$ cat query-v4.cif   # mmCIF, C-alpha atoms and all ligand atoms
data_work
loop_
_atom_site.label_atom_id
_atom_site.label_comp_id
_atom_site.auth_asym_id
_atom_site.auth_seq_id
_atom_site.Cartn_x
_atom_site.Cartn_y
_atom_site.Cartn_z
CA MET X 1 0.00 0.00 0.00
CA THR X 2 2.93 2.30 0.75
CA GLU X 3 4.44 4.21 -2.16
CA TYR X 4 8.04 5.34 -2.45
CA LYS X 5 9.21 7.96 -4.94
CA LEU X 6 12.80 7.12 -5.88
CA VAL X 7 15.12 9.28 -8.00
CA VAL X 8 18.10 7.99 -9.93
CA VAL X 9 20.80 10.67 -10.43
CA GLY X 10 24.37 10.72 -11.75
CA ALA X 11 26.44 11.82 -14.74
CA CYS X 12 25.28 10.98 -18.25
CA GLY X 13 26.36 7.49 -19.29
CA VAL X 14 26.83 5.87 -15.89
CA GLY X 15 23.89 3.47 -16.40
CA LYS X 16 20.94 5.20 -14.69
CA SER X 17 18.58 4.09 -17.44
CA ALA X 18 20.04 0.61 -17.79
CA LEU X 19 19.63 0.06 -14.05
CA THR X 20 16.06 1.32 -13.97
CA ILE X 21 15.09 -0.78 -16.99
CA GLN X 22 16.55 -3.98 -15.56
CA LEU X 23 14.46 -3.43 -12.44
CA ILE X 24 11.32 -2.56 -14.39
CA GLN X 25 11.53 -4.72 -17.56
CA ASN X 26 14.04 -7.42 -16.55
CA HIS X 27 16.37 -6.86 -19.51
CA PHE X 28 19.53 -4.90 -20.37
CA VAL X 29 19.28 -2.11 -22.95
CA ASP X 30 22.52 -1.56 -24.89
CA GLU X 31 21.66 1.84 -26.37
CA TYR X 32 18.95 3.75 -24.54
CA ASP X 33 18.29 7.35 -25.59
CA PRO X 34 20.59 9.41 -23.26
CA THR X 35 18.14 12.34 -23.27
CA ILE X 36 14.94 10.55 -22.22
CA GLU X 37 13.84 11.46 -18.70
CA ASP X 38 10.96 9.43 -17.41
CA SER X 39 9.31 7.82 -14.41
CA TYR X 40 8.62 4.10 -14.07
CA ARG X 41 6.17 2.35 -11.76
CA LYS X 42 6.42 -1.17 -10.34
CA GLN X 43 4.72 -3.13 -7.56
CA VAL X 44 7.40 -4.95 -5.55
CA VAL X 45 7.65 -6.90 -2.27
CA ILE X 46 10.55 -6.02 0.02
CA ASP X 47 11.27 -7.70 3.36
CA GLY X 48 7.74 -9.07 3.05
CA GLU X 49 6.00 -5.72 2.68
CA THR X 50 4.22 -4.89 -0.58
CA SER X 51 5.09 -1.50 -2.07
CA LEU X 52 4.71 0.57 -5.21
CA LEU X 53 7.91 2.14 -6.50
CA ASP X 54 7.73 5.27 -8.62
CA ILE X 55 11.23 5.72 -10.03
CA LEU X 56 12.49 8.81 -11.88
CA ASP X 57 15.35 8.08 -14.21
CA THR X 58 16.95 11.50 -14.68
CA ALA X 59 18.55 12.62 -17.94
CA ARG X 60 12.68 16.94 -12.85
CA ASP X 61 12.50 19.74 -10.28
CA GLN X 62 9.28 18.00 -9.22
CA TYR X 63 10.88 14.63 -8.40
CA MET X 64 13.71 16.38 -6.56
CA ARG X 65 11.18 18.09 -4.33
CA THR X 66 8.95 15.00 -3.89
CA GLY X 67 11.60 12.29 -4.05
CA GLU X 68 11.88 10.30 -0.83
CA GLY X 69 15.08 8.47 -1.73
CA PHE X 70 17.96 8.93 -4.15
CA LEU X 71 20.46 6.64 -5.87
CA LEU X 72 23.73 8.42 -6.51
CA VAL X 73 25.17 6.56 -9.47
CA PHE X 74 28.72 6.60 -10.83
CA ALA X 75 30.45 4.05 -13.08
CA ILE X 76 33.60 2.36 -11.81
CA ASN X 77 35.38 3.09 -15.10
CA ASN X 78 34.53 6.79 -15.02
CA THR X 79 36.56 8.77 -12.52
CA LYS X 80 34.80 12.01 -13.49
CA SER X 81 31.40 10.48 -12.70
CA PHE X 82 32.63 9.57 -9.21
CA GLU X 83 34.02 13.08 -8.75
CA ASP X 84 30.51 14.41 -9.64
CA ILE X 85 28.79 12.59 -6.74
CA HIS X 86 29.34 15.31 -4.14
CA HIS X 87 27.59 17.85 -6.40
CA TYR X 88 24.54 15.59 -6.78
CA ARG X 89 24.35 15.08 -3.03
CA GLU X 90 24.57 18.79 -2.17
CA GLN X 91 21.92 19.61 -4.75
CA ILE X 92 19.54 17.08 -3.13
CA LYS X 93 20.33 18.40 0.35
CA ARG X 94 19.55 21.91 -0.83
CA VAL X 95 16.22 21.12 -2.50
CA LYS X 96 14.99 18.79 0.26
CA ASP X 97 16.14 21.25 2.94
CA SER X 98 17.58 18.46 5.08
CA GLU X 99 20.77 16.63 6.04
CA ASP X 100 19.14 13.21 6.58
CA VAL X 101 17.86 12.40 3.09
CA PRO X 102 17.74 8.66 2.27
CA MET X 103 20.44 7.94 -0.33
CA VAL X 104 22.46 4.99 -1.61
CA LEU X 105 25.79 5.24 -3.42
CA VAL X 106 25.87 2.99 -6.48
CA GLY X 107 29.02 1.97 -8.37
CA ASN X 108 27.77 0.63 -11.72
CA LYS X 109 29.40 -1.15 -14.68
CA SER X 110 31.07 -3.53 -12.24
CA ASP X 111 31.46 -6.20 -14.97
CA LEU X 112 33.85 -4.01 -16.92
CA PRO X 113 37.60 -4.60 -16.45
CA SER X 114 38.65 -0.92 -16.90
CA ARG X 115 38.27 0.10 -13.21
CA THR X 116 39.58 3.57 -12.25
CA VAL X 117 37.53 4.07 -9.08
CA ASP X 118 38.67 1.81 -6.20
CA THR X 119 35.99 0.05 -4.09
CA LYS X 120 37.85 1.47 -1.09
CA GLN X 121 37.39 5.05 -2.43
CA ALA X 122 33.61 4.57 -2.84
CA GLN X 123 33.22 2.92 0.58
CA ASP X 124 35.15 5.75 2.20
CA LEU X 125 32.87 8.32 0.55
CA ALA X 126 29.71 6.44 1.51
CA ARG X 127 30.97 6.19 5.10
CA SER X 128 31.53 9.93 5.28
CA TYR X 129 27.95 10.35 4.07
CA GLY X 130 26.53 7.66 6.38
CA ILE X 131 24.92 5.82 3.46
CA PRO X 132 25.18 2.34 1.97
CA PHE X 133 27.44 1.63 -0.97
CA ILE X 134 26.27 -1.03 -3.49
CA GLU X 135 28.24 -2.28 -6.53
CA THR X 136 26.09 -3.13 -9.58
CA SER X 137 26.10 -4.28 -13.16
CA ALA X 138 23.02 -3.40 -15.20
CA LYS X 139 24.50 -5.74 -17.80
CA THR X 140 24.59 -8.92 -15.67
CA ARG X 141 21.96 -7.69 -13.18
CA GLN X 142 24.38 -8.05 -10.27
CA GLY X 143 23.21 -5.89 -7.35
CA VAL X 144 20.29 -4.25 -9.15
CA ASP X 145 17.53 -5.42 -6.75
CA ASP X 146 19.89 -4.80 -3.85
CA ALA X 147 20.49 -1.14 -4.81
CA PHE X 148 16.78 -0.27 -5.10
CA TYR X 149 15.60 -2.42 -2.21
CA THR X 150 18.36 -1.03 0.05
CA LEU X 151 17.21 2.51 -0.77
CA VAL X 152 13.67 1.51 0.17
CA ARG X 153 14.98 0.16 3.48
CA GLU X 154 16.74 3.50 4.11
CA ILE X 155 13.48 5.33 3.44
CA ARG X 156 11.62 3.10 5.90
CA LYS X 157 14.14 3.56 8.71
CA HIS X 158 14.05 7.33 8.06
CA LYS X 159 10.27 7.75 8.45
CA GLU X 160 10.44 5.44 11.50
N1 LIG J 201 29.13 -2.83 -19.61
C1 LIG J 201 28.14 -2.16 -19.02
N2 LIG J 201 27.59 -1.18 -19.72
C2 LIG J 201 26.60 -0.47 -19.17
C3 LIG J 201 26.12 -0.78 -17.82
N3 LIG J 201 25.13 0.08 -17.57
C4 LIG J 201 25.00 0.88 -18.65
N4 LIG J 201 25.88 0.52 -19.61
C5 LIG J 201 26.08 1.14 -20.93
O1 LIG J 201 26.50 2.50 -20.76
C6 LIG J 201 25.87 3.34 -21.72
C7 LIG J 201 25.01 4.40 -21.06
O2 LIG J 201 24.04 3.74 -20.26
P1 LIG J 201 22.71 4.50 -19.86
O3 LIG J 201 21.83 3.57 -19.07
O4 LIG J 201 22.00 5.16 -21.02
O5 LIG J 201 23.38 5.63 -18.95
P2 LIG J 201 22.60 6.91 -18.42
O6 LIG J 201 22.92 8.13 -19.25
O7 LIG J 201 23.07 7.15 -16.98
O8 LIG J 201 21.10 6.68 -18.42
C8 LIG J 201 25.06 2.40 -22.60
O9 LIG J 201 25.92 2.03 -23.68
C9 LIG J 201 24.78 1.21 -21.72
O10 LIG J 201 24.59 -0.01 -22.41
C10 LIG J 201 26.79 -1.88 -17.12
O11 LIG J 201 26.47 -2.24 -15.96
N5 LIG J 201 27.76 -2.49 -17.78
MG MG J 202 19.46 7.76 -19.11
#
$ encode --input "query-v4.cif" --output "structure tokens" --more "lines below"
Ligand SMILES: Nc1nc2c(ncn2[C@@H]2O[C@H](COP(=O)(O)OP(=O)(O)O)[C@@H](O)[C@H]2O)c(=O)[nH]1
Ligand SMILES: [Mg+2]
Amino acid sequence: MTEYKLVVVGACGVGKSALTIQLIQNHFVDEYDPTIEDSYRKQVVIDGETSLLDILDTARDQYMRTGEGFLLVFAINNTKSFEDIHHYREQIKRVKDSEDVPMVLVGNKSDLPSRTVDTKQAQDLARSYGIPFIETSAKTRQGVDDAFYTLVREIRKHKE
């Protein structure tokens, strides 16, 4: 019965869309229009509780204001995208007017061998933020459920 508005943010090309589509449609899209910004709905069950997810895949001022949780996505083979995380976080903090916003740090493209962002680096950032860090591959589906479900768990602990 509960609904959760989730927002997926991060630099262009990190796999925001691919991640969202795997969760929604259960397949990996190789070439999804980089400019398309849209929301996707799905009824899920998480730790036994039924819930409707409304997920904005950015590429809206509305979702920022009404978003209850955010995935901060970088790709592990894109140092610049990891360096952009702080900016995304501060922007959310500003709009939401809080310092306790539910967020999850997501390191995507974990199947790729060209790693330039150490796991240690990401974990150290997430620790400073007090948020979970989850490694994912939209391509193999590794960690996809875990990223979204973890965010939902962070939302629930926050409003409780
Ligand atoms: N190898 C690999 N490629 C990915 C992964 N996620 C996304 N991609 C590719 O990276 C490119 C951009 O992905 P996209 O989802 O559009 O990124 P977005 O701009 O953040 O929405 C596309 O070529 C995707 O196929 C992943 O986990 N592994
Ligand atoms: Mg996209």
$ residues_around --input "query-v4.cif" --residues "range 22-38 of chain X" --least-positions-apart "5" --cutoff "9 Å" --atoms "all atoms listed in the file" --output "CSV table (one decimal) with C-alpha atoms, in the frame of the given file"
chain,number,residue,atom,x,y,z
X,12,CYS,CA,25.3,11.0,-18.2
X,13,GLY,CA,26.4,7.5,-19.3
X,17,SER,CA,18.6,4.1,-17.4
X,55,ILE,CA,11.2,5.7,-10.0
X,56,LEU,CA,12.5,8.8,-11.9
X,57,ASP,CA,15.4,8.1,-14.2
X,58,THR,CA,17.0,11.5,-14.7
X,59,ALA,CA,18.6,12.6,-17.9
X,60,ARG,CA,12.7,16.9,-12.8
X,138,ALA,CA,23.0,-3.4,-15.2
X,139,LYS,CA,24.5,-5.7,-17.8
X,140,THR,CA,24.6,-8.9,-15.7
X,141,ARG,CA,22.0,-7.7,-13.2
X,144,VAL,CA,20.3,-4.2,-9.2
X,145,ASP,CA,17.5,-5.4,-6.8
X,148,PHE,CA,16.8,-0.3,-5.1
$ closest_residue --input "query-v4.cif" --among "X:87, X:93, X:5, X:80" --to "residue 53 in chain X" --atoms "only C-alpha atoms"
X:5
$ residues_around --input "query-v4.cif" --residues "range 63-68 of chain X" --least-positions-apart "5" --cutoff "12 Å" --atoms "all atoms listed in the file" --output "PDB file with C-alpha atoms, in the frame of the given file"
ATOM      1  CA  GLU X   3       4.440   4.210  -2.160  1.00  0.00           C
ATOM      2  CA  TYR X   4       8.040   5.340  -2.450  1.00  0.00           C
ATOM      3  CA  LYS X   5       9.210   7.960  -4.940  1.00  0.00           C
ATOM      4  CA  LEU X   6      12.800   7.120  -5.880  1.00  0.00           C
ATOM      5  CA  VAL X   7      15.120   9.280  -8.000  1.00  0.00           C
ATOM      6  CA  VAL X   8      18.100   7.990  -9.930  1.00  0.00           C
ATOM      7  CA  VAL X   9      20.800  10.670 -10.430  1.00  0.00           C
ATOM      8  CA  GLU X  37      13.840  11.460 -18.700  1.00  0.00           C
ATOM      9  CA  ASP X  38      10.960   9.430 -17.410  1.00  0.00           C
ATOM     10  CA  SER X  39       9.310   7.820 -14.410  1.00  0.00           C
ATOM     11  CA  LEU X  53       7.910   2.140  -6.500  1.00  0.00           C
ATOM     12  CA  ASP X  54       7.730   5.270  -8.620  1.00  0.00           C
ATOM     13  CA  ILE X  55      11.230   5.720 -10.030  1.00  0.00           C
ATOM     14  CA  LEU X  56      12.490   8.810 -11.880  1.00  0.00           C
ATOM     15  CA  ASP X  57      15.350   8.080 -14.210  1.00  0.00           C
ATOM     16  CA  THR X  58      16.950  11.500 -14.680  1.00  0.00           C
ATOM     17  CA  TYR X  88      24.540  15.590  -6.780  1.00  0.00           C
ATOM     18  CA  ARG X  89      24.350  15.080  -3.030  1.00  0.00           C
ATOM     19  CA  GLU X  90      24.570  18.790  -2.170  1.00  0.00           C
ATOM     20  CA  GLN X  91      21.920  19.610  -4.750  1.00  0.00           C
ATOM     21  CA  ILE X  92      19.540  17.080  -3.130  1.00  0.00           C
ATOM     22  CA  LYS X  93      20.330  18.400   0.350  1.00  0.00           C
ATOM     23  CA  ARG X  94      19.550  21.910  -0.830  1.00  0.00           C
ATOM     24  CA  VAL X  95      16.220  21.120  -2.500  1.00  0.00           C
ATOM     25  CA  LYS X  96      14.990  18.790   0.260  1.00  0.00           C
ATOM     26  CA  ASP X  97      16.140  21.250   2.940  1.00  0.00           C
ATOM     27  CA  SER X  98      17.580  18.460   5.080  1.00  0.00           C
ATOM     28  CA  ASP X 100      19.140  13.210   6.580  1.00  0.00           C
ATOM     29  CA  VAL X 101      17.860  12.400   3.090  1.00  0.00           C
ATOM     30  CA  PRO X 102      17.740   8.660   2.270  1.00  0.00           C
ATOM     31  CA  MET X 103      20.440   7.940  -0.330  1.00  0.00           C
ATOM     32  CA  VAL X 104      22.460   4.990  -1.610  1.00  0.00           C
ATOM     33  CA  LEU X 151      17.210   2.510  -0.770  1.00  0.00           C
ATOM     34  CA  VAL X 152      13.670   1.510   0.170  1.00  0.00           C
ATOM     35  CA  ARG X 153      14.980   0.160   3.480  1.00  0.00           C
ATOM     36  CA  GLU X 154      16.740   3.500   4.110  1.00  0.00           C
ATOM     37  CA  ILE X 155      13.480   5.330   3.440  1.00  0.00           C
ATOM     38  CA  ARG X 156      11.620   3.100   5.900  1.00  0.00           C
ATOM     39  CA  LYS X 157      14.140   3.560   8.710  1.00  0.00           C
ATOM     40  CA  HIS X 158      14.050   7.330   8.060  1.00  0.00           C
ATOM     41  CA  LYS X 159      10.270   7.750   8.450  1.00  0.00           C
TER      42      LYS X 159
END
$ closest_residue --input "query-v4.cif" --among "X:10, X:78, X:118, X:47" --to "ligand MG 202 (chain J)" --atoms "all atoms listed in the file"
X:10
$ closest_residue --input "query-v4.cif" --among "X:21, X:131, X:14, X:46" --to "residue 107 in chain X" --atoms "all atoms listed in the file"
X:14
$ residues_around --input "query-v4.cif" --residues "residue 15 in chain X" --least-positions-apart "5" --cutoff "9 Å" --atoms "all atoms listed in the file" --output "number ranges by chain"
X: 10, 20, 73-75, 108-109, 137-138
$ closest_residue --input "query-v4.cif" --among "X:84, X:160, X:111, X:61" --to "residue 135 in chain X" --atoms "all atoms listed in the file"
X:111
$ closest_residue --input "query-v4.cif" --among "X:1, X:18, X:45, X:117" --to "ligand MG 202 (chain J)" --atoms "all atoms listed in the file"
X:18
$ atom_distance --input "query-v4.cif" --atom1 "CA of residue 130 in chain X" --atom2 "atom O2 of ligand LIG 201 (chain J)"
27.0 Å
$ atom_distance --input "query-v4.cif" --atom1 "atom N2 of ligand LIG 201 (chain J)" --atom2 "CA of residue 51 in chain X"
28.6 Å
$ atom_distance --input "query-v4.cif" --atom1 "CA of residue 147 in chain X" --atom2 "atom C7 of ligand LIG 201 (chain J)"
17.8 Å
$ closest_residue --input "query-v4.cif" --among "X:125, X:40, X:11, X:132" --to "residue 150 in chain X" --atoms "all atoms listed in the file"
X:132
